[PDB]
Amino acid sequence: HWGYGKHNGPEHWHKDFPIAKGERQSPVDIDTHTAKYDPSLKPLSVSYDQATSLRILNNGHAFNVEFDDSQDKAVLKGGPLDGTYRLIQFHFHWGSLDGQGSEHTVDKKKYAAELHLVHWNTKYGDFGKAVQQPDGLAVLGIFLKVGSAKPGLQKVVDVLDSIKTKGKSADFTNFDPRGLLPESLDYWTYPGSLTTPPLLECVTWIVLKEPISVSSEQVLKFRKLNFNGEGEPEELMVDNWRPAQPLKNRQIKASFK
Ligand SMILES: CN[C@H]1CN(c2cccc(OC)c2)S(=O)(=O)c2sc(S(N)(=O)=O)cc21
Ligand SMILES: [Hg+2]
Ligand SMILES: [Zn+2]
């Protein structure tokens, strides 16, 4: 299937997912100078106090920590959103080197990695339905920069040994996603899509201005994951990020000046 190799990378995805050349694709470059500061923008409402993590699994593209989205346990409201978006999973996109990994860039600047807390609009019933609507999903993107260790991230770093290869998973309960959030909830927002196939344009992107810092050894562990499954030639999971797409007839609105 698709991937990030020269033969099945982002530059080949259109052949199987024509929407790859659609009108509102992500990621995009966030030009801070021409992004319109919108004052009618309400503040974000992140309520992860009842968040219930279930497991973490390597899916061949990255590891995901899934959450029990059966009830309004961890939701995102406010900001550019209308309705309540329920958290279902979060993942990261990172690179082989420190100066690459984030999918979104700020003024062309790339970050070591990018965290995406994926939510789905509950007014649609289930997830599979939300992905059939232009406002079905809300992804909170957070930039990770190398520096001091992010305490709340270490719990995830420790478990990466038991899910080295594709298909593996492990119980990962009682994880508090709030330990991965920056101090400020200031953001940028625009309408976009998933950054991986099927590349659906159902996402309202909220990219926080403030990045979190993770240590070198922390992100280093990410790079030890395997794209491949057990018993197959080792293929390091690194650079599982998509390049920026044309903004086209879209504008980025900041919730700050
Ligand atoms: C591969 N995982 C991706 C697709 N996913 C997915 C899973 C099940 C069904 C489905 O479409 C019917 C899509 S997903 O919506 O959860 C996400 S969010 C996301 S990102 N990087 O833009 O935040 C990439 C993916
Ligand atoms: Hg959609
Ligand atoms: Zn992602």
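The first residue in the sequence is number 1, and the count goes up from there. Counting starts at 1 for both ligands and their atoms, following the listed order.
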Nearest protein heavy atom to atom 12 (C) of ligand 1, by residue and atom, and its distance? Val131 CG2, 3.8 Å
Distance to 0.1 Å, residue and atom name: give those for the protein heavy atom nearest to atom 5 (N) of ligand 1. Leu194 CD1, 4.3 Å
Test side chain to side chain donor-acceptor pair (under 3.5 Å) applied to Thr195 and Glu103, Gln25, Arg242, the passing residue: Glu103
Side chain to side chain contact (heavy atoms under 4.5 Å, CB included) partner of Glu230, the single match among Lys168, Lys166, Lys164: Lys168
Assigning hydrophobic clusters by single linkage (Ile, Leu, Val, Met, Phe, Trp, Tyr; side-chain heavy-atom cutoff under 4.5 Å), is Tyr124 placed with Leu137? no
With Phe92, which residues qualify under ring-ring contact (aromatic ring centres under 6.0 Å, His included), at least two apart? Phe63, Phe90, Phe222
Numbered in order shown, the ligand 1 atoms found under 4.0 Å of a heavy atom of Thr196 are 1 (C), 2 (N), 3 (C), 24 (C), 25 (C)
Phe227: partners by ring-ring contact (aromatic ring centres under 6.0 Å, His included), with sequence neighbours left out: none
Restricting to side-chain contact (heavy atoms from CB on, under 4.5 Å), what partner residues turn up for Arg55, sequence neighbours left out? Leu57, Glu66, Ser169
Answer yes or no for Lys155 and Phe172: cation-pi contact, defined as NZ/CZ to six-membered ring centre under 6.0 Å and angle to ring axis within 45°. yes
Checking a contact table here: which protein heavy atom is nearest atom 20 (S) of ligand 1, and how many Å away? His91 NE2, 3.4 Å
Polar proximity ligand 1 side, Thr195 side, N/O cut 3.5 Å exclusive: yes
Heavy-atom contact check, 4.0 Å cutoff: does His93 meet ligand 1? yes
From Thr204, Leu140, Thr84, residue fulfilling side chain to side chain contact (heavy atoms under 4.5 Å, CB included) relative to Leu76: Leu140
Shortest protein contact, atom 7 (C) of ligand 1 (heavy atom only): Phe127 CE2, 4.1 Å
What residue and heavy atom of the protein are closest to atom 11 (O) of ligand 1, and at what distance? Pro198 CG, 4.0 Å
Tell me the protein N, O or S atoms under 2.8 Å from the Zn ion (ligand 3), in chain and number order. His91 NE2, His93 NE2, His116 ND1
Between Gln89 and ligand 1, is there a nitrogen or oxygen pair with a distance under 3.5 Å? yes
Looking at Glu23 and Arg250, is there a salt bridge between them, counting it only when a charged N and a carboxylate O are closer than 4.0 Å? no
Any N/O of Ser193 closer than 3.5 Å to an N/O of ligand 1? no
For the CD1 atom of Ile88 and the CG atom of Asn64, what is their distance to the nearest 0.5 Å? 10.0 Å
Trace of the side chain to side chain contact (heavy atoms under 4.5 Å, CB included) decision for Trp205 with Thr189: CA-CA 5 Å; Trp205 277 96; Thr189 184; 5.7 Å; no
